[PDB]
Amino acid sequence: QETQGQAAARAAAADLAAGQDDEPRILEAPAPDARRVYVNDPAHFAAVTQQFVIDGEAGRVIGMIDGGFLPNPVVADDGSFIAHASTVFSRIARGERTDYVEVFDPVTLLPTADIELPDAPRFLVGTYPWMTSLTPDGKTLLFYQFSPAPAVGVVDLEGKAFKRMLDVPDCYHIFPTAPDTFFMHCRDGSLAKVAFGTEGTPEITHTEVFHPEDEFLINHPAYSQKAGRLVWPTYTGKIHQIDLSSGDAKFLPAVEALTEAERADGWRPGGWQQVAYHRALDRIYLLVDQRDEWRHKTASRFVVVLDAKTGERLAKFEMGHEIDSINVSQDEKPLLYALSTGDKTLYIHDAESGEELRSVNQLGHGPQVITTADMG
C-alpha cells in the first residue's frame, strides 16, 4: 500500500529529524536473485538504446545499462555476469561502424570486458533473444551473422577475445547445449546441430524435418538451457517441443495452445515474446487474443497456461492490458512478467492466479525484451 517514493520520503524525513549523516556515493545493485528481471528497449530502431534492471519483488528499477544499435542482451543463468553484443558509429548513426561485446559486473554494472568484433559482423535485426547466446559454462558467447551469409561468431569471454566465424547452412537462431555445441533451425524444416572447435570445419548434422513449409515457426521461441527444452509456437498456437537434454534432438508430441472452437473463432498467439516456459513446473505460457491471421506482431490481452507433458490447459488469464512480451521467474511461486511496448510498462503478475501485483512504467521508448536468470 505505501509506495517506494513514500517510504523513501518518510525515511529521509526521519534522518533529517534525527540528524543522521550518510555519504553521497554510487550505490551497488542488490545481489542478483530469482526475481531480478531485465527489460531491453530497442527503442523502435534508435541508434542508441537502454536496458532496465528491475527487482520484480519490489517492482523497482535497480539499475540501467546503455547500448547501441539493436544490441543483443544475455544474462548468465547463475547470476555471475550479464553481457551484450552491441554496435556504434563514429558520428551517431553514420561513419565507421564498431561491433563489440561487453561483459558487466551484475552489481556494480561496470564493464569488465570490452571485446571488439572484427569486420562488423553482427546481425542487425529487431531483437531476438536466441540470436546471441551463452554456452552453459558461461565461457563463450555465440552471435549470429546474416551478411554476406548465415554464420556464427565465437567469442571467448574468459580470455576476452574474438575467436572465429563458423560457416553454417541456411539456418537461424542459436541454442547452445554444451561448451562446443549448439542447435539452429533451418529453412528446410530441420534443426542443425553444430559442434565446433577452434579451427576446422564444424561437424554439422541435421535432424529430421519436423514441420511443413507452410507452418510458420515464430521468431521468439522459448528455450530453457538447463532443461534442454526448446518450446516453439507456430502462428496458430500449435507448439513444437524438442528435447535436447541428451545432446541430440528428440521430438516430443505437439500440443495445441488453443482449442478447435477458439481457433474457429479467430484466437491466435500474437506479440513479440509470445511464449514463456517455467522449467521447475514444466509449464508453458502463451500470449493469445482474437485476431486476423496477419496481425501476428500486435499486442495480446490474455495468457493461456498449459502443462507441457499433456497439453492440458491450466488457466487462461485476462491480463487487462495490451501485452507484447511475456516471461516468468524460475523460482517457486513464480512471477509472470507482462511487458507492454505501447505503455512502456512492465506489469508484474502472480503466475498462479494471474492477478496483477505491481508495475514499473517509463521503460524507454519501445521496450520489447524480457530476460531472467534461471538460478535454481
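Numbering starts at 1 and runs along the sequence shown. For the two forms, the rigid core is made up of the largest set of C-alpha atoms that agree within 1.5 Å on superposition.
A.B. asks: Comparing against the shown form in 9 other deposited structures of this protein, which stretch has the larger RMS C-alpha deviation after a rigid core superposition, 179-187 or 193-201?
C.D. replies: Farther on average in 9 other deposited structures of this protein: 193-201.
A.B. asks: Return whichever of 360-368 and 11-19 has the greater mean Cα B factor according to the PDB record.
C.D. replies: Comparing 360-368 with 11-19, the higher average CA B-factor belongs to 11-19.
A.B. asks: Quick check on the record: does 113-121 or 196-204 carry the larger mean Cα temperature factor?
C.D. replies: Looking at the record's C-alpha B-factors, the answer is 196-204.
A.B. asks: Compare the CA B factors listed in the entry for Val288, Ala227, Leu217, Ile284 and report the winner.
C.D. replies: The record points to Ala227.
A.B. asks: Between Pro221, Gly237, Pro176, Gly247, let me know which has the highest C-alpha B-factor in the entry?
C.D. replies: Among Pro221, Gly237, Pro176, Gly247, the PDB entry lists the largest C-alpha B-factor for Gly247.
A.B. asks: Against its chain's modelled residues, does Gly342's Cα B factor rank lowest, middle or highest third?
C.D. replies: It belongs to the highest third of the chain when residues are ordered by C-alpha B-factor.
A.B. asks: What third of the chain, by the recorded C-alpha B-factor, contains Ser80?
C.D. replies: Top third by C-alpha B-factor.
A.B. asks: Sort the modelled residues of this chain by their C-alpha B factor and say whether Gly159 lands in the lowest, middle or highest third.
C.D. replies: It falls in the top third of the chain.
A.B. asks: Mind checking which third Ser86 falls in for C-alpha B-factor across the chain?
C.D. replies: Middle third - that is where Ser86 ends up once the chain's C-alpha B-factors are sorted.
A.B. asks: Can you tell me whether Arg279 has a C-alpha B-factor in the lowest, middle or highest third compared with the other modelled residues of the same chain?
C.D. replies: CA B-factor rank for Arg279: middle third.
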